[PDB]
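Colleague: My questions will all concern the structure given below.
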Amino acid sequence: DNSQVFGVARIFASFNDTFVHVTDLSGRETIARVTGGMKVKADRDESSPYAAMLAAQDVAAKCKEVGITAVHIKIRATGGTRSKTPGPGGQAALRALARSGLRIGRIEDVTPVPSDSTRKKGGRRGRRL
Amino acid sequence: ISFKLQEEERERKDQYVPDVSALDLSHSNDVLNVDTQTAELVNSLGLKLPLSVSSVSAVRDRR
Amino acid sequence: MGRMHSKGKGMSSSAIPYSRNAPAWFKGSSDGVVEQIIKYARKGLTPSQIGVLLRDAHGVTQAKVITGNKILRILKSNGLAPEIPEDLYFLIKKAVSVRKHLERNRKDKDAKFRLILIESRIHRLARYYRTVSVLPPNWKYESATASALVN
Amino acid sequence: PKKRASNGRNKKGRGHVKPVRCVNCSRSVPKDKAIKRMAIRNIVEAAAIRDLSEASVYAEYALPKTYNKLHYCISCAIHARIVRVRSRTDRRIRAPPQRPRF
Amino acid sequence: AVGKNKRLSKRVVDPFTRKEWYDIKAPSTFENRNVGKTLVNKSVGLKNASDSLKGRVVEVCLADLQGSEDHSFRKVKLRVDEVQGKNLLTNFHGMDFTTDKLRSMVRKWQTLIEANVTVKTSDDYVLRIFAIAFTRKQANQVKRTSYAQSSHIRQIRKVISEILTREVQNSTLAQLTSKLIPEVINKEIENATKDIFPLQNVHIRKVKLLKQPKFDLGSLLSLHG
Amino acid sequence: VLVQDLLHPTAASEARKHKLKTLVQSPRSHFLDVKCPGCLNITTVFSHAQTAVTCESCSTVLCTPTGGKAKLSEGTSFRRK
Amino acid sequence: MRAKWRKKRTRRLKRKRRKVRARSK
RNA sequence: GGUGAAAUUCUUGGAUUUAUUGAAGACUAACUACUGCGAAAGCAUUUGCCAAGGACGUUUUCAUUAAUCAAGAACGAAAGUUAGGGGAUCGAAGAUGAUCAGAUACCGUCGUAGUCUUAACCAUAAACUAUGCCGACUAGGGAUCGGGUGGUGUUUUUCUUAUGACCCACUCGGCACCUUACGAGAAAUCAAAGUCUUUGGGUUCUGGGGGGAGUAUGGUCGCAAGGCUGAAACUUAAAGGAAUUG
RNA sequence: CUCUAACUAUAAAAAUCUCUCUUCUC
Ligand SMILES: [Mg+2]
Ligand SMILES: [Mg+2]
Ligand SMILES: [Mg+2]
Ligand SMILES: [Mg+2]
Ligand SMILES: [Mg+2]
Ligand SMILES: [Mg+2]
Ligand SMILES: [Mg+2]
Ligand SMILES: [Mg+2]
Ligand SMILES: [Mg+2]
Ligand SMILES: [Mg+2]
Ligand SMILES: [Mg+2]
Ligand SMILES: [Mg+2]
Ligand SMILES: [Mg+2]
Ligand SMILES: [Mg+2]
Ligand SMILES: [Mg+2]
Ligand SMILES: [Mg+2]
Ligand SMILES: [Mg+2]
Ligand SMILES: [Mg+2]
Ligand SMILES: [Mg+2]
Ligand SMILES: [Mg+2]
Ligand SMILES: [Zn+2]
Ligand SMILES: [Zn+2]
């Protein structure tokens with residue numbers, strides 16, 4: 001190792017307002033939390049890829065100022081009883097994180113998947129639209 | 001489409017019959033390879049039919 | 001393929017050989033076979049176990065082939081036939097076992113239904129053994145009589 | 001009348017199966033009438049494979065995949081383009097649509 | 001998205017001036033003992049940081065500790081317990097798989113067998129171990145399914161359970177981890193059930209941890225350097 | 001198939017069909033004479049025996065109950081009856 | 001109309017008639 | 001947060017996310033299939049105990065003990081009702097925030113009863129395969145589950161063998177499936193919905209145009225909800241089934 | 001006469017309609 005100071009990128013991409021939240025190896029120390037809704041106006045393009053792009057650029061600048069040069073991607077969907085499929089923004093967030101100089105190591109998916117627990121929201125007939 | 005020259009050429013190519021025999025054990029030094037079953041077929045038919053036995057390794061390929 | 005009390009359709013059985021007479025290879029004596037049957041019965045064995053013992057450990061294909069009489073018939077001739085027929089006794093034992101399991105746990109409903117089925121079968125077999133007069137006409141099945149007959 | 005001899009359920013000898021929820025509309029639908037699609041894909045698309053490869057430590061990372069079995073409802077399956085209406089003589093065929101690529 | 005109804009129910013600084021970096025030191029059972037760095041608030045006399053580090057759980061890929069890539073899909077959690085000053089010492093806390101590999105081996109048309117066992121190691125450490133196995137299509141099976149009957153599954157679960165109890169009760173998590181790295185337990189479990197059923201992909205995943213006796217100083221310092 | 005003999009079908013077809021389904025139903029089982037290495041007594045056993053048959057001279061089992069027919073005791077030598 | 005809701009309307013008519021009879025029983 | 005889009009709501013008393021953990025209750029993902037068990041409902045974490053059961057093997061035992069069933073009985077999804085326990089999620093009522101001409105509906109956020117249970121009731125479902133049960137025969141093709149036979153079969157490894165796991169062939173039983181009409185249907189279609197004008201294997205229940213109406217009344221069961229039984233007066237020339245072209 | 005690989009991903013609102021229907025034989 002050439003002293004690549006590591007963090008974990010830990011992207012969280014729901015179907016609205018994706019999250020980019022970098023931390024150290026332990027994860028108890030939080031730095032550069034800036035999110036997707038942090039940087040867009042329409043209140044609904046928070047999940048848009050451009051929101052995640054801007055958030056990723058901001059976290060990259062902040063962590064590069066910090067001293068961390070490489071990050072660990074921990075992609076998380078909304079998880080739980082919900083759709084638990086990755087959000088549209090988090091992919092662009094990861095691409096922009098890999099763009100801005102930062103080095104990439106050990107991409108992982110850490111979405112919370114249940115053992116068919118805690119009956120899903122929506123009723124028996126579900127969302128009718 | 002077709003015409004006289006083309007159909008004549010097709011017929012001439014069709015009439016091709018090789019002079020050398022492609023049967024009657026012209027190859028493999030007058031020996032043809034079989035397994036036991038058709039050998040017993042030949043035997044029960046009451047015919048001489050020079051053969052060459054070979055087990056077919058009943059284990060089938062996994063494909 | 002009827003399965004009186006279920007939806008089964010099996011036909012697993014045994015095909016009795018065509019020849020009624022003794023097998024050619026058997027060398028034992030009919031009187032000795034009868035003595036063996038008597039001894040097995042005196043040991044306290046039901047006719048089916050007697051037949052299985054004669055078929056496995058010895059060359060007895062079946063008693064009627066060798067002796068000319070059936071196992072229960074042979075026992076009855078010597079006065080060793082049980083007062084309750086073997087199949088009815090085994091049904092009684094099964095019924096008392098399921099009733100014990102029921103009274104040790106109430107919520108099991110499937111075993112309750114199975115006990116109902118077993119009791120229906122017991123009633124049918126008792127009716128048959130009553131019209132043939134094997135059992136006295138006052139013979140019947142209630143609680144604590146099955147335990148008394150089994151014990 | 002019978003539109004489907006299989007009734008669409010594909011149950012034939014159970015009486016009742018345990019229902020599952022739709023991924024889009026959360027429709028409580030039986031697990032066999034719950035048309036299933038196994039989405040296996042790359043966690044990074046072909047659009048960013050080069051970028052990730054150039055800017056990643058651990059030369060020749062395995063680039064792990066993501067696996068998810070999606071339990072759609074049937075209304076969403078018709079609408080979200082997963083499954084399509086077919087000719088009554090084409091409903092016979094149950095083989096998947098002929099190996100998308102070889 | 002500035003919209004905020006200010007339903008609140010400058011004294012601003014840069015929190016990074018009052019912070020610094022500690023180093024994570026792995027157990028000697030691993031090769032690459034230099035794990036990484038951790039960001040910590042500066043030490044204060046009233047509230048010493050050294051209290052704050054202990055209890056931290058770092059999560060590192062196993063291949064990051066041994067250099068190879070055969071251990072790519074595993075993952076190890078280390079516990080921060082003792083701080084030597086500008087460098088802290090970490091003990092084993094737990095083990096797990098990566099979800100990618102787990103979903104990669106959980107495929108259709110084969111029965112997965114799970115063996116779960118809670119045991120006590122040679123020392124007072126109390127562990128819980130999960131083993132996962134998958135029935136294997138034979139190298140001649142023209143039949144396309146590879147299902148296993150319930151009797152075979154129960155026998156396999158019994159065998160795996162007894163093997164795990166044996167191999168935990170006979171060693172400490174120092175030796176148990178030094179045994180987990182070359183995954184010889186997987187091979188032993190596969191070999192012990194060769195007659196019952198093929199059992200492809202016999203793996204030990206999510207080695208949990210439930211108790212720790214007091215502190216165990218001497219072996220902790222002995223486990224490092 | 002339209003014309004075919006049922007009174008005299010091939011013996012291969014006889015062994016093909018199930019028991020209880022032949023022209024006249026006959027069992028597929030048979031008896032065996034087993035010798036145990038212990039003594040010289042010849043014991044008559046059944047192919048589909050249901051009990052741990054032992055010689056009367058020595059307490060050594062010669063067969064073993066099985067869902068189908070008997071599995072012998074790894075050292076007894078038999079002859080089909 | 002659905003047989004379900006015709007059934008329910010009949011049940012509500014029986015509601016009122018049963019309450020009236022219980023008052024005057 | 002959330003959405004088509006918004007808003008209600010929570011937030012510098014620092015929410016949303018971040019790491020360890022702890023509590024509660026429910027559930028048993030992925031394995032999960034034209035696969036299994038059960039009388040039907042229904043049944044999916046591990047282990048032990050309790051008894052039960054189908055199928056197969058059987059040169060074992062009794063010898064018609066059987067098939068279907070008015071009367072009588074046992075179980076009977078969800079919902080609902082009495083009490084005691086819990087009280088996570090989701091959510092009838094309700095509270096609102098939207099959309100609309102209206103919206104006390106669908107989208108959203110909270111949210112009692114309920115969902116989860118121990119006793120006691122309830123006995124209804126598109127309780128569906130809308131196909132009663134038992135029995136016989138009739139046509140070809142593969143697979144699949146449980147059992148059993150044989151292989152001079154293959155890997156297994158414990159030197160060889162015994163198993164196990166496969167491979168090939170056969171058979172019994174089960175959920176099933178493909179083709180076809182040479183049979184049946186008004187056809188959709190059915191390998192039974194065939195062996196029915198060339199009309200009779202045994203047997204139970206139900207229907208006689210639609211509506212009124214599964215209503216009233218009278219019984220009977222139920223604490224209640226309601227269940228079982230169940231017409232007529234009158235009105236009507238159709239209602240309905242399958243398929244063909246638009 | 002010889003083979004098991006590639007992949008995504010939208011749901012705004014839209015109520016209603018009066019007459020009158022008429023032969024097919026060489
Ligand atoms: Mg729609
Ligand atoms: Mg229709
Ligand atoms: Mg379907
Ligand atoms: Mg069934
Ligand atoms: Mg917080
Ligand atoms: Mg499970
Ligand atoms: Mg199964
Ligand atoms: Mg009745
Ligand atoms: Mg309830
Ligand atoms: Mg209560
Ligand atoms: Mg409302
Ligand atoms: Mg409103
Ligand atoms: Mg709502
Ligand atoms: Mg709620
Ligand atoms: Mg009804
Ligand atoms: Mg009906
Ligand atoms: Mg009428
Ligand atoms: Mg009506
Ligand atoms: Mg009344
Ligand atoms: Mg119609
Ligand atoms: Zn849906
Ligand atoms: Zn001896």
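Identifiers in the structure tokens: chain A, B, ... in order shown; residue index from 1 per chain; ligand index from 1 in order shown.
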Go through the chains and note each residue within 8 Å of ligand 4, using only C-alpha atoms (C1' of nucleotides) and all ligand atoms, then give the set as a PDB file with C-alpha atoms (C1' of nucleotides), in the first residue's frame.

Modeller:
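Final output, selection29.pdb:
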```pdb
ATOM      1  CA  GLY D  13     -53.006 -29.520  -6.811  1.00  0.00           C
ATOM      2  CA  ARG D  14     -52.477 -27.088  -3.953  1.00  0.00           C
TER       3      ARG D  14
ATOM      4  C1'   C H  37     -48.222 -33.636   2.129  1.00  0.00           C
ATOM      5  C1'   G H  38     -53.396 -33.393   3.658  1.00  0.00           C
ATOM      6  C1'   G H 174     -49.635 -39.089  -7.525  1.00  0.00           C
ATOM      7  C1'   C H 175     -49.841 -33.730  -8.896  1.00  0.00           C
TER       8        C H 175
END
```

Colleague: As a PyMOL selection string, please: every residue in chain F that a backbone DSSP assignment puts in helix (DSSP H, G or I).

Modeller: chain F and resi 11-16

Colleague: Would you export the selected residues with N, CA and C atoms as a PDB file, in the first residue's frame, please?

Modeller:
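To be explicit, this is the file written out as out30.pdb:
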```pdb
ATOM      1  N   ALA F  11     -42.013 -64.531 -23.135  1.00  0.00           N
ATOM      2  CA  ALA F  11     -41.553 -64.603 -21.751  1.00  0.00           C
ATOM      3  C   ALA F  11     -40.811 -63.335 -21.349  1.00  0.00           C
ATOM      4  N   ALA F  12     -40.137 -62.696 -22.307  1.00  0.00           N
ATOM      5  CA  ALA F  12     -39.542 -61.393 -22.039  1.00  0.00           C
ATOM      6  C   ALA F  12     -40.609 -60.385 -21.641  1.00  0.00           C
ATOM      7  N   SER F  13     -41.739 -60.379 -22.353  1.00  0.00           N
ATOM      8  CA  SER F  13     -42.858 -59.536 -21.952  1.00  0.00           C
ATOM      9  C   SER F  13     -43.456 -59.993 -20.630  1.00  0.00           C
ATOM     10  N   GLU F  14     -43.349 -61.285 -20.313  1.00  0.00           N
ATOM     11  CA  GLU F  14     -43.826 -61.768 -19.022  1.00  0.00           C
ATOM     12  C   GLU F  14     -43.027 -61.155 -17.879  1.00  0.00           C
ATOM     13  N   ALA F  15     -41.696 -61.196 -17.975  1.00  0.00           N
ATOM     14  CA  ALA F  15     -40.852 -60.521 -16.995  1.00  0.00           C
ATOM     15  C   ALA F  15     -40.944 -59.005 -17.092  1.00  0.00           C
ATOM     16  N   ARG F  16     -41.407 -58.480 -18.226  1.00  0.00           N
ATOM     17  CA  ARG F  16     -41.594 -57.041 -18.383  1.00  0.00           C
ATOM     18  C   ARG F  16     -42.707 -56.521 -17.482  1.00  0.00           C
TER      19      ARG F  16
END
```

Colleague: Find the residues near ligand 6. Use a cut-off of 12 Å, count only C-alpha atoms (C1' of nucleotides) and all ligand atoms, and write them as a PDB file with N, CA and C atoms (P, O5', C5', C4', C3', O3' and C1' of nucleotides), in the first residue's frame.

Modeller:
```
ATOM      1  N   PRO A 114     -35.199  -8.186   3.787  1.00  0.00           N
ATOM      2  CA  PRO A 114     -35.810  -8.887   4.921  1.00  0.00           C
ATOM      3  C   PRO A 114     -36.084 -10.356   4.646  1.00  0.00           C
ATOM      4  N   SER A 115     -36.474 -11.092   5.686  1.00  0.00           N
ATOM      5  CA  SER A 115     -36.938 -12.470   5.531  1.00  0.00           C
ATOM      6  C   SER A 115     -38.466 -12.512   5.475  1.00  0.00           C
ATOM      7  N   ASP A 116     -39.015 -11.751   4.525  1.00  0.00           N
ATOM      8  CA  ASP A 116     -40.460 -11.631   4.314  1.00  0.00           C
ATOM      9  C   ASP A 116     -41.168 -11.251   5.619  1.00  0.00           C
ATOM     10  N   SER A 117     -40.806 -10.074   6.111  1.00  0.00           N
ATOM     11  CA  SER A 117     -41.229  -9.609   7.420  1.00  0.00           C
ATOM     12  C   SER A 117     -42.017  -8.312   7.285  1.00  0.00           C
TER      13      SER A 117
ATOM     14  N   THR E 111     -31.182 -27.291  -3.718  1.00  0.00           N
ATOM     15  CA  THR E 111     -31.622 -27.009  -2.359  1.00  0.00           C
ATOM     16  C   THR E 111     -30.443 -26.488  -1.548  1.00  0.00           C
ATOM     17  N   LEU E 112     -30.622 -25.331  -0.920  1.00  0.00           N
ATOM     18  CA  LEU E 112     -29.623 -24.802  -0.005  1.00  0.00           C
ATOM     19  C   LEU E 112     -29.865 -25.352   1.393  1.00  0.00           C
ATOM     20  N   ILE E 113     -28.790 -25.796   2.033  1.00  0.00           N
ATOM     21  CA  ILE E 113     -28.840 -26.370   3.370  1.00  0.00           C
ATOM     22  C   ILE E 113     -28.089 -25.439   4.305  1.00  0.00           C
ATOM     23  N   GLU E 114     -28.748 -25.039   5.388  1.00  0.00           N
ATOM     24  CA  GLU E 114     -28.192 -24.094   6.342  1.00  0.00           C
ATOM     25  C   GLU E 114     -28.013 -24.822   7.664  1.00  0.00           C
TER      26      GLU E 114
ATOM     27  P     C H  27     -47.188 -14.403  12.355  1.00  0.00           P
ATOM     28  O5'   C H  27     -46.101 -14.230  11.205  1.00  0.00           O
ATOM     29  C5'   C H  27     -46.426 -13.595   9.977  1.00  0.00           C
ATOM     30  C4'   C H  27     -45.206 -13.451   9.103  1.00  0.00           C
ATOM     31  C3'   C H  27     -44.465 -14.744   8.796  1.00  0.00           C
ATOM     32  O3'   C H  27     -45.025 -15.420   7.683  1.00  0.00           O
ATOM     33  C1'   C H  27     -42.925 -13.066   9.481  1.00  0.00           C
ATOM     34  P     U H  28     -44.974 -17.022   7.576  1.00  0.00           P
ATOM     35  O5'   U H  28     -43.490 -17.330   7.083  1.00  0.00           O
ATOM     36  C5'   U H  28     -42.983 -16.744   5.888  1.00  0.00           C
ATOM     37  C4'   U H  28     -41.475 -16.739   5.861  1.00  0.00           C
ATOM     38  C3'   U H  28     -40.820 -18.101   5.644  1.00  0.00           C
ATOM     39  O3'   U H  28     -39.613 -17.930   4.905  1.00  0.00           O
ATOM     40  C1'   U H  28     -40.116 -17.215   7.713  1.00  0.00           C
ATOM     41  P     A H  29     -39.495 -18.516   3.416  1.00  0.00           P
ATOM     42  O5'   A H  29     -38.990 -17.276   2.551  1.00  0.00           O
ATOM     43  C5'   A H  29     -39.900 -16.271   2.128  1.00  0.00           C
ATOM     44  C4'   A H  29     -39.185 -15.057   1.587  1.00  0.00           C
ATOM     45  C3'   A H  29     -38.277 -15.285   0.390  1.00  0.00           C
ATOM     46  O3'   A H  29     -38.995 -15.317  -0.830  1.00  0.00           O
ATOM     47  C1'   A H  29     -37.194 -13.894   1.987  1.00  0.00           C
ATOM     48  P     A H  30     -38.902 -16.594  -1.798  1.00  0.00           P
ATOM     49  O5'   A H  30     -37.387 -16.600  -2.288  1.00  0.00           O
ATOM     50  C5'   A H  30     -36.929 -15.659  -3.249  1.00  0.00           C
ATOM     51  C4'   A H  30     -35.423 -15.580  -3.276  1.00  0.00           C
ATOM     52  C3'   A H  30     -34.687 -16.881  -3.558  1.00  0.00           C
ATOM     53  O3'   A H  30     -34.602 -17.175  -4.943  1.00  0.00           O
ATOM     54  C1'   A H  30     -33.698 -15.787  -1.703  1.00  0.00           C
ATOM     55  P     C H  31     -35.458 -18.378  -5.580  1.00  0.00           P
ATOM     56  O5'   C H  31     -34.921 -19.679  -4.835  1.00  0.00           O
ATOM     57  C5'   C H  31     -33.713 -20.314  -5.229  1.00  0.00           C
ATOM     58  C4'   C H  31     -33.469 -21.555  -4.409  1.00  0.00           C
ATOM     59  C3'   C H  31     -34.622 -22.550  -4.384  1.00  0.00           C
ATOM     60  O3'   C H  31     -34.546 -23.466  -5.463  1.00  0.00           O
ATOM     61  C1'   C H  31     -33.912 -22.084  -2.165  1.00  0.00           C
ATOM     62  P     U H  32     -35.847 -24.253  -5.978  1.00  0.00           P
ATOM     63  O5'   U H  32     -36.931 -23.113  -6.219  1.00  0.00           O
ATOM     64  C5'   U H  32     -38.020 -23.334  -7.108  1.00  0.00           C
ATOM     65  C4'   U H  32     -39.253 -22.566  -6.700  1.00  0.00           C
ATOM     66  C3'   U H  32     -39.106 -21.046  -6.664  1.00  0.00           C
ATOM     67  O3'   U H  32     -40.340 -20.449  -7.061  1.00  0.00           O
ATOM     68  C1'   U H  32     -39.768 -21.822  -4.541  1.00  0.00           C
ATOM     69  P     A H  44     -46.505 -22.841   7.171  1.00  0.00           P
ATOM     70  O5'   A H  44     -45.427 -23.362   6.122  1.00  0.00           O
ATOM     71  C5'   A H  44     -44.578 -24.460   6.436  1.00  0.00           C
ATOM     72  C4'   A H  44     -43.131 -24.159   6.130  1.00  0.00           C
ATOM     73  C3'   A H  44     -42.701 -22.709   6.343  1.00  0.00           C
ATOM     74  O3'   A H  44     -41.360 -22.683   6.821  1.00  0.00           O
ATOM     75  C1'   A H  44     -42.286 -23.335   4.107  1.00  0.00           C
ATOM     76  P     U H  45     -41.066 -22.608   8.397  1.00  0.00           P
ATOM     77  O5'   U H  45     -39.519 -22.966   8.512  1.00  0.00           O
ATOM     78  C5'   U H  45     -38.601 -22.569   7.505  1.00  0.00           C
ATOM     79  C4'   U H  45     -37.215 -22.399   8.071  1.00  0.00           C
ATOM     80  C3'   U H  45     -36.751 -23.508   9.005  1.00  0.00           C
ATOM     81  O3'   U H  45     -36.235 -24.632   8.315  1.00  0.00           O
ATOM     82  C1'   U H  45     -36.365 -21.422  10.028  1.00  0.00           C
ATOM     83  P     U H  46     -36.515 -26.116   8.863  1.00  0.00           P
ATOM     84  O5'   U H  46     -35.469 -26.285  10.052  1.00  0.00           O
ATOM     85  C5'   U H  46     -34.084 -26.059   9.837  1.00  0.00           C
ATOM     86  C4'   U H  46     -33.304 -26.139  11.124  1.00  0.00           C
ATOM     87  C3'   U H  46     -33.578 -27.356  11.993  1.00  0.00           C
ATOM     88  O3'   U H  46     -32.855 -28.500  11.569  1.00  0.00           O
ATOM     89  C1'   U H  46     -33.600 -25.401  13.330  1.00  0.00           C
TER      90        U H  46
END
```

Colleague: What does the distance between atom CA of residue F:35 and atom CA of residue F:68 come to in Å, to one decimal place?

Modeller: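 Separation of atom CA of residue F:35 and atom CA of residue F:68: 21.8 Å.
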
Colleague: Taking only C-alpha atoms into account and nothing else, which residues of chain E lie no more than 8 Å away from chain A? Please answer as number ranges by chain.

Modeller: E: 1-2, 16, 36-40, 56-61, 98-100

Colleague: Print the selection's residues with C-alpha atoms to a file, as a PDB file, in the first residue's frame.

Modeller:
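See out10.pdb below for the written result:
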```pdb
ATOM      1  CA  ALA E   1     -34.082  23.024  -2.477  1.00  0.00           C
ATOM      2  CA  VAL E   2     -34.060  26.008  -0.040  1.00  0.00           C
ATOM      3  CA  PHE E  16     -11.582  19.171  10.981  1.00  0.00           C
ATOM      4  CA  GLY E  36      -6.062   1.984   7.426  1.00  0.00           C
ATOM      5  CA  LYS E  37      -6.738   5.239   9.229  1.00  0.00           C
ATOM      6  CA  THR E  38      -9.618   6.506  11.361  1.00  0.00           C
ATOM      7  CA  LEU E  39     -10.653  10.125  11.951  1.00  0.00           C
ATOM      8  CA  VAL E  40     -10.985  11.102  15.618  1.00  0.00           C
ATOM      9  CA  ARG E  56     -15.234   0.823  17.290  1.00  0.00           C
ATOM     10  CA  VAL E  57     -15.884  -1.917  14.727  1.00  0.00           C
ATOM     11  CA  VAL E  58     -14.032  -1.573  11.426  1.00  0.00           C
ATOM     12  CA  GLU E  59     -15.256  -3.608   8.433  1.00  0.00           C
ATOM     13  CA  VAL E  60     -12.516  -4.670   5.994  1.00  0.00           C
ATOM     14  CA  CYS E  61     -12.429  -7.067   3.062  1.00  0.00           C
ATOM     15  CA  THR E  98     -20.361 -10.291   0.641  1.00  0.00           C
ATOM     16  CA  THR E  99     -23.974 -10.214  -0.550  1.00  0.00           C
ATOM     17  CA  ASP E 100     -22.782 -10.438  -4.161  1.00  0.00           C
TER      18      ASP E 100
END
```

Colleague: Give the residues of chain E that lie within 10 Å of chain D; count only C-alpha atoms, and format the answer as a list in words.

Modeller: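 Every residue meeting the condition is included here: residues 64, 67, 69, 72, 73, 98, 99, 100, 101, 102, 103, 104 and 106 of chain E.
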
Colleague: Report as number ranges by chain which protein, DNA and RNA residues come within 10 Å of ligand 8, using only C-alpha atoms (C1' of nucleotides) and all ligand atoms.

Modeller: H: 69-73, 204-205

Colleague: Show me which residues sit within 12 Å of ligand 7 when counting only C-alpha atoms (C1' of nucleotides) and all ligand atoms, and put them as a PyMOL selection string.

Modeller: (chain E and resi 109-111+147-151+153) or (chain H and resi 31-33+35-37+44+144-146+175)

Colleague: As a PyMOL selection string, please: every protein or nucleic acid residue near ligand 20 (cut-off 10 Å, counting only C-alpha atoms (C1' of nucleotides) and all ligand atoms).

Modeller: (chain D and resi 1) or (chain H and resi 240-243)

Colleague: Residues of the last selection are to be written out with N, CA and C atoms (P, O5', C5', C4', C3', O3' and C1' of nucleotides), as a PDB file, in the first residue's frame.

Modeller:
```pdb
ATOM      1  N   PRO D   1     -65.918 -17.966 -20.543  1.00  0.00           N
ATOM      2  CA  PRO D   1     -65.395 -19.315 -20.763  1.00  0.00           C
ATOM      3  C   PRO D   1     -63.943 -19.419 -20.324  1.00  0.00           C
TER       4      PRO D   1
ATOM      5  P     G H 240     -78.739 -11.160 -20.963  1.00  0.00           P
ATOM      6  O5'   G H 240     -78.333 -12.698 -20.842  1.00  0.00           O
ATOM      7  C5'   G H 240     -77.894 -13.239 -19.605  1.00  0.00           C
ATOM      8  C4'   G H 240     -77.789 -14.745 -19.655  1.00  0.00           C
ATOM      9  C3'   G H 240     -76.657 -15.319 -20.492  1.00  0.00           C
ATOM     10  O3'   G H 240     -75.405 -15.291 -19.829  1.00  0.00           O
ATOM     11  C1'   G H 240     -78.655 -16.488 -20.959  1.00  0.00           C
ATOM     12  P     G H 241     -74.042 -15.220 -20.679  1.00  0.00           P
ATOM     13  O5'   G H 241     -73.916 -16.665 -21.337  1.00  0.00           O
ATOM     14  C5'   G H 241     -73.624 -17.809 -20.548  1.00  0.00           C
ATOM     15  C4'   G H 241     -73.306 -19.005 -21.409  1.00  0.00           C
ATOM     16  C3'   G H 241     -72.238 -18.789 -22.471  1.00  0.00           C
ATOM     17  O3'   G H 241     -70.937 -18.966 -21.945  1.00  0.00           O
ATOM     18  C1'   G H 241     -74.115 -19.908 -23.412  1.00  0.00           C
ATOM     19  P     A H 242     -69.711 -18.073 -22.468  1.00  0.00           P
ATOM     20  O5'   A H 242     -69.352 -18.704 -23.884  1.00  0.00           O
ATOM     21  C5'   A H 242     -68.820 -20.016 -23.975  1.00  0.00           C
ATOM     22  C4'   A H 242     -68.840 -20.525 -25.393  1.00  0.00           C
ATOM     23  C3'   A H 242     -68.143 -19.659 -26.430  1.00  0.00           C
ATOM     24  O3'   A H 242     -66.740 -19.863 -26.453  1.00  0.00           O
ATOM     25  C1'   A H 242     -70.254 -20.352 -27.251  1.00  0.00           C
ATOM     26  P     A H 243     -65.749 -18.682 -26.908  1.00  0.00           P
ATOM     27  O5'   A H 243     -66.053 -18.489 -28.460  1.00  0.00           O
ATOM     28  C5'   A H 243     -65.550 -19.409 -29.420  1.00  0.00           C
ATOM     29  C4'   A H 243     -66.339 -19.370 -30.706  1.00  0.00           C
ATOM     30  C3'   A H 243     -66.108 -18.161 -31.600  1.00  0.00           C
ATOM     31  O3'   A H 243     -64.961 -18.289 -32.421  1.00  0.00           O
ATOM     32  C1'   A H 243     -68.422 -18.483 -31.317  1.00  0.00           C
TER      33        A H 243
END
```

Colleague: Chain D residues within 10 Å of chain I, counting only C-alpha atoms (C1' of nucleotides): which ones, as a ChimeraX atom specification?

Modeller: /D:39-42,45-46,76,79-80,100-102

Colleague: Around ligand 10, out to 12 Å and counting only C-alpha atoms (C1' of nucleotides) and all ligand atoms, which residues are there? I want them as a list in words.

Modeller: residues 81, 82, 83, 84, 85, 86, 87, 113, 114, 115, 116, 117 and 118 of chain H

Colleague: Which chains and residue numbers are within 10 Å of ligand 22, counting only C-alpha atoms (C1' of nucleotides) and all ligand atoms, if I want them as a PyMOL selection string?

Modeller: chain F and resi 35-42+54-61

Colleague: 12 Å from ligand 2 is the threshold here; counting only C-alpha atoms (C1' of nucleotides) and all ligand atoms, which polymer residues fall inside it? Answer as a list in words.

Modeller: residues 1, 2, 3 and 4 of chain D; 188 of chain H

Colleague: Produce as a PDB file with C-alpha atoms (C1' of nucleotides), in the first residue's frame the set of residues near ligand 11, where near means within 10 Å with only C-alpha atoms (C1' of nucleotides) and all ligand atoms considered.

Modeller:
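File written: pocket.pdb
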```pdb
ATOM      1  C1'   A H  93     -63.831   3.588  10.819  1.00  0.00           C
ATOM      2  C1'   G H  94     -62.120   8.298  11.717  1.00  0.00           C
ATOM      3  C1'   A H  95     -58.368  13.070  11.237  1.00  0.00           C
ATOM      4  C1'   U H  96     -56.723  15.617   7.484  1.00  0.00           C
ATOM      5  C1'   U H 104     -66.412  12.693   3.454  1.00  0.00           C
ATOM      6  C1'   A H 105     -63.240   7.841  -3.618  1.00  0.00           C
TER       7        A H 105
END
```

Colleague: Report as a PyMOL selection string all protein, DNA and RNA residues lying within 12 Å of stretch 55-60 of chain C, evaluated on only C-alpha atoms (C1' of nucleotides), omitting residues in the same chain fewer than 2 positions from it.

Modeller: (chain C and resi 22-30+32-34+36-37+48-53+62-67+71) or (chain F and resi 29-34+42-56+61-65+69-70+81) or (chain H and resi 58-60)
